[PDB]
Structures are given as structure tokens and as C-alpha cells.
Amino acid sequence: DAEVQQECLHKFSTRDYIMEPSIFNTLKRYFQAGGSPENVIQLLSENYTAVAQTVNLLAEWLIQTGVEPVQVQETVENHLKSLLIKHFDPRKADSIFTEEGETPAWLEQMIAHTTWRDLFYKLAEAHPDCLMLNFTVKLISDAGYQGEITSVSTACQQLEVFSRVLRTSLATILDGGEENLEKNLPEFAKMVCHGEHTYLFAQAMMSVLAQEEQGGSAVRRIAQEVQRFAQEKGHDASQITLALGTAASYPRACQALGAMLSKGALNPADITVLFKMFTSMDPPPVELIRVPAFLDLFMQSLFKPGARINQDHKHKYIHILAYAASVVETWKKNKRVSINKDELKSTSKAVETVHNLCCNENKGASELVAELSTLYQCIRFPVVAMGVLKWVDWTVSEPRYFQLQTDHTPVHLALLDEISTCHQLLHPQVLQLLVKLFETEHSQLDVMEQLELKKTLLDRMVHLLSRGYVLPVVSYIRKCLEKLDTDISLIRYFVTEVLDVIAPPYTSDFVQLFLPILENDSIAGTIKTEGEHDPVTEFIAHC
Amino acid sequence: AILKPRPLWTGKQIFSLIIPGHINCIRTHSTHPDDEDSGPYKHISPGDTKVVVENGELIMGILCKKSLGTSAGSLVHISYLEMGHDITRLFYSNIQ
Amino acid sequence: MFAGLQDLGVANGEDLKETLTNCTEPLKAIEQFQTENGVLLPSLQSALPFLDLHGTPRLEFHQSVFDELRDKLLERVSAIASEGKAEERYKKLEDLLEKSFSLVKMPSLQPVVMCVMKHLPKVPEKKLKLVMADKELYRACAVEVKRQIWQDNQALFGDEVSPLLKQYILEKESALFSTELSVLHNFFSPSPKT
Amino acid sequence: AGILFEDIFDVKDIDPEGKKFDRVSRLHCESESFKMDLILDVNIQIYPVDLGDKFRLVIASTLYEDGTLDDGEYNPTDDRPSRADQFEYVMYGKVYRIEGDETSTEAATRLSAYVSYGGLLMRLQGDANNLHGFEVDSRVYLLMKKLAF
Amino acid sequence: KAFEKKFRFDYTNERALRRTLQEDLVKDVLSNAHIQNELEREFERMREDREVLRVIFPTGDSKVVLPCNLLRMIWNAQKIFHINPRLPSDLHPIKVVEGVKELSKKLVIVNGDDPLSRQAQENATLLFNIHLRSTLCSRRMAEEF
Amino acid sequence: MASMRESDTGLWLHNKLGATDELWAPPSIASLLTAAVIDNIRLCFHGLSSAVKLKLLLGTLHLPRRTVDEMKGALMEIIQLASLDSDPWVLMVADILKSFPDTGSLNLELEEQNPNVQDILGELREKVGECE
């Protein structure tokens, strides 16, 4: 006892022993030893700091000075979280909890906050050997905060919950059309493609849905979205996708498509094999060679400047692409009926001419303009329209291309206008390319040419808005106006010319989306001018 | 270099017997595309430029005045500096 | 050492010993004092178990919390002295200094009081008269606080200045009676600037 | 055995940049099992090949099945059994370079071995676990034979 | 930045040292402080030589004419001894440093011991000494040769 | 390549495919699938975890058809024996892949005592019918 007495007194001689966590046990041992507590109290008289009270006093000082209680609480909680991170012991915690034999309330107090929930998750992941961590995870689930427990990789191991959440996500996708698919697609694709087995079952179910010839376009689109999201993660399942379809009846074509999509490149040998198969009297289902990745490979190889392809297989590549795109086949009950070959010779000739224009880059743009009749005749093919779209995208994507582009209203944007006029399916793509063109701020050009290009891009956006693709264009224009990335005069010109060319009556959707645009002061103080026909004034009076 | 279907020797294979000793040199052909080194196939030239000589063996490349004439660092200069003057004389005679 | 805490109602070690001297059960009293009037957050009392069972006594993070909240308070008061309205922030700092001169006698919180008093460009008369009576409190004062002290204390300012003049005279005499006699360097050789 | 490497390839491409030389063609080939890629020059005049053809490639360090070494001198009047009897096309070169995805900290995973057959180059590229017998400045053989299957 | 990261020869990254040197050498270059001080002094001399060069050769002209072709000699040594630049090498860097230091003394243009002759000899071979040090480094002898 | 025994085969499979973080089948399955391992799976398949069975089933498809042709019997046998487990997942995958050794494609049969499958198919079909 005397040795323990000396040890306890030496502990008491340390600074501020009043703030010990086992001070109850230390005092119990001192009482058991029979020593008088007078020495302990005398030592603690000089060894007590209000390290539990002066913190509150300084917190009150902080509140009075101007510090909001929210930040004070956040700082205290963050410091306590760090201290808990640095001071965890599994086995003594387990022993103390077994001695307790019950569920502590202070653990529930920790569960109440999110920071301690994340700390408990990190602790549970750190040491698999501690039962307390699974205990706390179970209690968090019991308290209703099982959402904080990891579920991004848990849904892959779960069959029914994953299937039902997939059902709800797809139903919500079909509720809002594309405008809600664009939002519900990221997380849904993440959860579906996180596990390969869930990916495969999703593809199997979705393709079985796509079997029906009526309404199957959206189903095929969603399946392709899942496939491309899986591919984006570097995860490849193209061969399984081919095996899901009707590739069995054509093993050679299945081989060629699988090899190309596995490598991601086009080899002349398999191109020649496909040419032999399709040119023969028994072509396979054209839908199999219409995979977005495969057509993208054709487009990239046949249109990208700086990429070279064999001149002895150029016509075979063009023929295969033309047969893939323009040729129409009649099908009933998964059986072929007839094949349309109307757009086979002229389509091939147009693709050949456009590819010659694309890959013969050393010719100036003036020569491109000089052949405008043939150019505009051949641009009416939607696949060729997308080809020239992305060819222009890649040419102007060069930082030094603008210096070579010597027109205030360049012919490239005229080609984009023709593309928008010809087809409405490319209008989302036209809007995307226009957004990329406008958002690209150039520092190696004079601001005068920057302003000219931005005005011409505004004209292009006005044209796109005119042809019926309005809502995303309007939303993007409002975002740019509120984003300060667009000059005030630019939006002034855009809105003024829009209200100049458009005519009433305006729909409720357009009025709703356009009223906040005129709400901004940059327009109210500029476009509002003294005139008998004021665009902002007339639009407001129309409401 | 080719055993079956019939024995065949290559011009570079025979010429390596002319290069004396163990001589290491790297040159470039007159018609070498300057943009080949940056891209792939830098060490395997499609046009057989980029003369490389290792241990007195013509690994690859096509010889021209840029590697056999009176240029600094050419093959004969390397032969003179590394070997003696007699061996270089034998080299000159053997080539012709 | 722990004086001045009693003024604000936060009892220090003196009243602690006074209360526990005539107390039979220290366990419940100390638990309530560290729980009831302590940090009024379930977070800290709920963190006490884990930090206890780690083997590192709770005194360590208690002291760390006190010191880091002190530092955060000081830095935020410094920022407030240079943010917002000048008169409003100065009045808030005056209130803080008036309520910290109760704890000015605490060396672990003396930096708080001294830094906040530095934060005030013009300390009121009575608080200056209080601080200048103590040697260490007088010596720890900032340049502005010392300026306020000397602006209305002629004799003390002269006493402060006198040793510097003595050093100046000693250096001048040593230079005038320098052993090194040459025209290259002399008493009048150096420029007035240096 | 001294068989450094053995796998099946198919001619996925022919000389893409064009016909640089009359009697030599540049073969681009892909494997089946190890997923290798191959770049090869062949004497197209005596061993004609076509697109889509398949062949067995057996890079051996020696032509004698017993495994003994050779001086490297042409001795046509030899009697020992040889691997060349069951192969159509044989080269004999010397690896001159071995690249890879090496970093300053960890080892390589994808390797690339170049061997020159008296002027006709060849690049073998793949995963590090296969190109182990390839060490620079060592003579090897090619021993390829077409598979009619 | 590039000059330092290409000539420093850091002696703290153990994993990087593993690929280049054997165990008995990486432990020696990691534990001993005399070696580290010597190599840091070598890098300081490197930087001093760089400063001298940048006033000797303005306009950034790297081409120069010097007696021995160091790169070709290194290549010849590699081909003679079958280095196999894939495995770790048994080359203690201090051997390289002190070998270069000793070799510098053996190349004499002005022979003598009085300060005038020593200064003349130091000048007459200054460029060759700078080049020789700049190739036969400690990092280059371990990461490049 | 030896007929490494049953429990040892299961341990090897759970060592090569036991990464729970890697929920995707590795590209190594092209070389990891040989006759000995597949044959030994005939008894150690019970010793494999559900994730191991799922990943093995996914990786069975990533094979060249020459290997498939020369491993017809082993692949059909492993499919059949995987079609006799407690996991409905492995049952369905074995049924879907039974067609691969014969035609090279995948079977598509549904609406068979799978509540999630039937409900999802019905709701998506009616939803598409709403907005064709």
C-alpha cells in the first residue's frame, strides 16, 4: 500500500491531476490504501485548471465578440473528432463494455451527429477484429442512420434491394424523359455497373425488354447508356453484349466485331471479312453493327485529322459504313423481310467526297467553300452531318486554328447552321458544340476577335433557338448571363435579336424560362430603350 | 538471316563483317522523316532510317554520305578514333 | 498562479480546496463540477470514455482544447480588430478586455488579455494604471500600449529613456578614446544615417 | 528445350504506311491467348502471306531439341535433329532493345522486346510475365509456320 | 527544377534506391552520413560549375569541342562488360565521386606546384573537368548508365 | 498445371477471385481458366463463396472460341454443376450460359419465379406503352 501510496502521490504531484479520467479509480485506490485525502486536496489546489470551464468562458467570449455559435460548435466537434481519431484502443474498450453489460447512452449521443458517424465508419473499416465496431454499426442501423453505412458497393451484393432501386430509378427516368434521364442516369449507372454481375443481369433484362419491336428505341438507348458507362470505367463486356444478341448465326461477324471492340481499333483484315459477309447474299442483322462504339470507331478513323487509313481499303471502309447507316432492313418477329438499298451508291459517293474533304487538310477552307453545292447536297445525310460536325469540332479544337480562321462569320458556323436546319436530332449535339465553343476563353487572340467570335456564336445560338431547340439553349444562356462569363453587350444582342425574330404567342414554358432572363439588371438597364416597339417592354406587356 | 525455306544472307549482315572491331555509332539517313522519332516506332523505323551500329554490327539503317563520308562523327571517323590508322585503312580498302 | 478566476464565477483551485476540505465524497462533486458547469456538450462527456480507455488521460486533450480555443479566440479577435466597423469592433474589444482583466492574473490566459489589450489602440486609464503597477504585466505590453503608458507618465518614460542615453554616451566615449588612431576611420567618419 | 516463347498469331494488318520495299512487308499481328501484339518483317517474295492468315510463332534460343548451344556459324552439313523440320519460315537474329513501363519505384508490367534479323526488325510487346527469356545481346530464332486449320 | 531532379541523387527514397543498387549498398548510402555529405558537396560543385558555364557560354549553346567522347566511352564499356541495364548494379556512388576526383588530378596541362602553375592548370582543363563531372555523376551512373 | 485437390482448388479460386473490392472479373481470366481447375471445381464449387461463383461465371465468357471448342465438355459440366447450388444467381447464369458452348450466344428466358425480374419487366413494358 505504501508503494501504491507513493505512486498515487507522485501522480497527484503532476500538473492538473483533477482532470484525470481514472481519477475515480485513483481516489478509490487512495481510499483503500488508508491515506488521508488532505494531501491529495492540497496538491490539487495548485493542480486544478478549469480546462472544462474556461473553454466555456472563452466560448462565451467568442459569442460576444461576434463568432456565431455554429462555427464554435463545429470547431469544437472537429477537434474532438481528431482527438478521438488519435486516441482509440480496441481491447480495453471491449473489456469496459463487457463490464458495463449494457448499451451506453453516450454512444447514442455520438450516434446523433454525422461527424461521429463517419468516425465510427472509419474505425470499423480500420480494425476488423474489434466487436465494438460491428456493434456500433448495428446500433447506428437500429437508430435509423444505416444510410451513413456504406451502400454504393453493398447494392452489388444485394439482389432484391438493388433490383427494386433499379426499378424505381428507371421509372423516374421514364417519368421525366430525357430531361430527367440526364439527372437520374449518373447514380443509376454507377450502382448498376459497380458490380459486373449486376451489370450483366441489367443488360439481359433490358435487352429482353428491347426484344419487342414497338417502343424498343428508348430501351435500346438505356441499355447502350449502361454499356457505355461500364466502358468508361475501363471495364469491357462487348463480347458478352454480342453474345446476348443474334450474333450466333454469324460467327465470323461476331468474331470481327468482338475483336474490333476489344482492341478499340479497326483492322483492315476484319473490315475485309465484314465486307465479304455483308456483300454476300446473306447479310446479318444490321443492328448488330450499329453499336455506338463501333460507329464511333468508323467516324473517328474516317474523319479525324492526322489519322491515316489504308488507301487500298478506304472504299471498303466507306462501303461498310454506308451499309451500316443508310441501309434499311424490314423485320418481323425477329425474322428478316426485305432490305432497302436506295441510299447505297449516292450515300457512298457522298461519304467518299466528304472524307476526301476531311482528310485532305492541306487545302485551305476557301477551296472547301468553292465546292459548296456538292458540300450542301452531301451534308443532308445525318451520319455525314455528324461526321462534318465532329471534324469541325476537332479542327477548331486546336488552339492555333482560330488564328488560321480569318472570317468574322466563319464558314464553319454556317455549316453548323446547315446541320441544325437539316436535322433536329443533332440539335443537342449542336448545342453542346456551341457551348464548348463559347466557353473556350482564348488568351492568345485579341479581345476584338474574341468579341466578334462571341457575337457570331450568339447568332448561332439564336438560330438554334429559332428552330425549336429552345429550352436547353435558354437555360444555358441564362446560366451564362448569371455566370459573368459572358459580356453584358453579348446577352444584350442575343435577347434583343431573339425578341426581334420571334413572334407571339409564347408558351407558358418559354415565358417562365424567359422572365428571369429579363429580370437581370444587365438586360433591364440596356435592352430597355425608348421606342414604340421595345422588345423587353412588349414581352412584359404580353404577360 | 533466313534459314528456311532457303538460306539467304542480308546486305547488312555481310557489311557487318566489313566494319572493324566493336564500333558503336548512331547516325541518320538523308531521307529520315524528322517526325518519326517523336511518335511510336522510334526504335523500329518503317523506312529503315536511323543507322545503328553495335559491337561492329549494322543492326539497322541505310548508309549514305551522312555516315560514310567526310563528316564529323561518321563511321570512318569513329573507326579512326577508336581503332588505329592501319585498321581504318583496311576498312577503306574492304568497303570498295 | 490561479488567481482572478473567482471574479467571473468560475471557481479556481483555491475555492476547490476550500470546498473539498469539508467534503466527504469527492467523486460525485468532482463529476458534477466537470459535467454540470463544464463543457455543456454531450460530445465531450461522451468522448471521455474512449479517451479514457485509450490509456492517455483526459487531462491531455482537455489542456489541448483549452490552448487551441485560446489561440482561435486570439486570432479571431485580431481579425475582428481589422474587420467590420472600426468603432463597433473597438467597443466589442473594449468589452472583452474589461471582462478579461478579471482573468489577467492567469499566466495561462495572460496572453489572451495582453493580446486583446494590444488589439485596443487606446486602453482606458484605469486598466493602464492597473497593468503598470506590475512588472511582468508592464513589460509584456505592446508598442501601442507602451506608447499610451508613456504619453501621460513623464517620470517613467524618462526612466525608460535614461539607460539608452547611457549606452549612447558609453559608445561615444569608447569611440572618442579608441586605441585605433587613423584618418581612414575616426569619430566623424561614419555617415549620419548609420 | 530453350523455347523462349510460343503462341498463335493472326495477320490483322499489312504494311499500313505503304509498300516501302518490294520484297519485304511489315506484318501487324495480334495473339489469341496471351493477347500479344507483333510487328514483323518477312521476305514476302519467298513466304507470301495474306490478311487473316494464322501462324504458330515459336521463338527458340536454339534449334536443337536436346538443348545444346551453337557457335552461330553456318554449317549446312549437320545431322542433329532440328526444330526447322516442322516449320516453314526461320530467321536468326539478335535482340537489341527491351523497353517497358518501368517507373522509379515499381517494376514493369508491359514489356517490349525488339530483335533484328539481319536487318529485318521485329517488335514483340505484351505482359512482363512472358518476356522473361529475352535478354539484350542474345541470339534467337523465329520458327514460324502457317496454320491452315 | 529539371536540373535538380536530374542531378540531385536523393538518398532518402528507399524504394527508388532498391531498383538501382544492391542491399549492402542501399543500406550503406541510407545510414552513413559521411557519404550523404560528400554527395551533397558534389551537387554543390555541380551548381557552381553550372553558374560558371552560364557566363562562359551565353546564348545557350550546348555544342562544344572536347578531347574525349564520354558518351561513346560509356557505351563501349556497357557493350564490353554486358551490363544488362535492368538489374541493380554493384557501384557504390562514393567510388564514382572519388574516382572522378582522382582522375581530374591525373590530366595535367600545366605541371607544377606553385600557385601560378596550379591556377593555370585549373584554368586550362576547366571545361573538360566541368563536362566530365556533368556526365560521370552519381545519379547518372545509377539511373542512366 | 496439376489437378490440385478440392479444398486447395477452392482456396486457389478464392485467392485469385476473392477481392471483394474488385467486383469486376479480372482480364486474367483468359489464362486463369484451364482444364484442371474447371474439372476440380466439380467438387469444390460448394466451397466457393457466392462472389467467387459469380465472378467465375462472368469470366467463363472471356475466352477464345478455340479454347471453348477444345473445352466443350468441361465448360458444359461446370455449368451444369453450378446449376445445382443454393444461389439463384448461379442457377440463372448457368441456364443463360448453357447456350454459349453450342451457339456462342446467350439464352434469354425470363418470367420464371423471379419476382424482381417479372415486376421490372411488367412495369417497364407498361411504362414504355404509356409513352412509345
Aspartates and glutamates with Cα under 15 Å of residue C:72, excluding same-chain neighbours fewer than 8 positions away: A:60, A:68, A:74, A:77
Distance between region B:1-38 and region A:131-176 - C-alpha centres, whole angstrom: 66
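Could you grab the relative contact order for region D:78-124? Cα pairs under 8 Å, six or more apart, rounded to a whole percent. Spell out each step's value before the answer.
Values: 52 pairs, mean separation 14.1, N = 47.
Dividing the mean separation by the residue count of region D:78-124 yields 30 percent.
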Calculated log₁₀ intensity ratio I(q)/I(0) where the Debye formula runs over C-alpha points of region D:5-148, q = 0.10, 0.19, 0.22 Å⁻¹: -0.36, -1.25, -1.55
The protein assembly as shown: projected area of the alpha-carbon convex hull, averaged over directions, in nm²: 78.7
Percent of C-alpha pairs per 10 Å bin, chain F, short to long: 12, 39, 31, 13, 5, 1
Residue of B:49, B:28, B:70 that the Gaussian network model of chain B assigns the largest fluctuation, springs spanning Cα pairs under 10 Å: B:70
Phi-based couplings in Hz for region F:48-62 (Karplus 6.51, -1.76, 1.60; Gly and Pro marked x): 7, 6, 4, 4, 4, 4, 4, 5, 4, 4, 4, x, 4, 6, 7
Residue mean of other protein chain beta carbons inside 10 Å, A:20-28: 5
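Within 10 Å of each Cβ of A:194-201, how many other protein chain Cβ atoms are there on average? List each step's numbers first, then the result.
Numbers: counts 2, 6, 9, 13, 3, 3, 8, 6.
Mean number of neighbouring Cβ atoms from other chains: 6.
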Candidates E:96, E:55, E:26: whichever shows maximal mean-square fluctuation once chain E is modelled as a Gaussian network with Cα springs under 10 Å: E:55
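Report relative contact order for chain A in percent, whole number only (criteria: Cα-Cα under 8 Å, sequence separation at least 6). Mind dumping the intermediate values first?
Numbers: 377 pairs, mean separation 27.7, N = 543.
Relative contact order here is 5 percent.
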Tilt relative to chain A, helix A:427-439 - C-alpha long axis, 0 to 90 degrees, to 10: 60
Two-decimal log10 I(q)/I(0) for chain B, as the Debye equation yields it once each C-alpha is a single scatterer, q = 0.10, 0.13, 0.14, 0.23 Å⁻¹: -0.30, -0.49, -0.56, -1.20
Degrees between helix C:154-176 axis and first principal axis of chain C (Cα, 0 to 90, nearest 10): 50
Percent RCO, i.e. relative contact order, over chain B, from Cα pairs under 8 Å lying at least 6 residues apart: 28
With Cα atoms, 0 to 90° folded angle of helix E:115-124 axis to chain E main axis: 70
Cα-projected label distance for residue E:6 with residue A:407, points at 7 Å along beta-carbon direction, nm: 4.6
Positive-end extreme of charge dipole, chain B - chosen from B:93, B:45, B:80 (charges on Cβ): B:93
Exercise: per-residue mean of other protein chain Cβ atoms within 10 Å, D:122-131: 1
Cα centroid of region D:76-139 to Cα centroid of region E:9-72, whole Å: 35
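With a Förster radius of 30 Å, plug the Cβ-Cβ distance of residue A:3 and residue E:30 into 1/(1 + (r/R0)^6) and report the FRET value to the nearest 0.05.
Rounded to the nearest 0.05, the efficiency is 0.05.
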Ordering of A:37-47, C:167-177 by burial proxy (mean other Cβ atoms within 10 Å per residue, highest first): A:37-47, C:167-177
Nearby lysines by direct alpha-carbon distance to residue A:454 (threshold 25 angstrom, same-chain neighbours under 8 apart not counted): A:390, A:436, A:479, A:483, A:528
Charge dipole magnitude, Cβ of K and R +1, D and E -1 - the protein assembly as shown, Cα centre, debye nearest 20: 3520
Of D:94, D:20, D:54, the one that fluctuates the most in a GNM where chain D has Cα springs shorter than 10 Å: D:20
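If you place +1 on the Cβ of every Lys and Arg, -1 on the Cβ of every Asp and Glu, and leave all else neutral, what size is the dipole of region A:141-190 about its Cα centre, to the nearest 20 Debye? It would help to have the intermediate numbers written out before the result.
Details: 4 positive and 8 negative charges, 32 e Å.
The calculated dipole for region A:141-190 is roughly 160 debye.
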Chain E - mean residue ellipticity at 222 nm from DSSP helices (-39,500 (n - 2.57) per run, n ≥ 4, rounded to 500): -20000 deg cm²/dmol
Gyration tensor (Cα) of chain A, equivalent ellipsoid semi-axes in angstrom: 65, 37, 22
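FYI, it's all coordinate maths here, none of it is from the lab. Here Cβ is always computed from backbone atoms with ideal geometry, including for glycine, and neighbour counts include all displayed protein chains.
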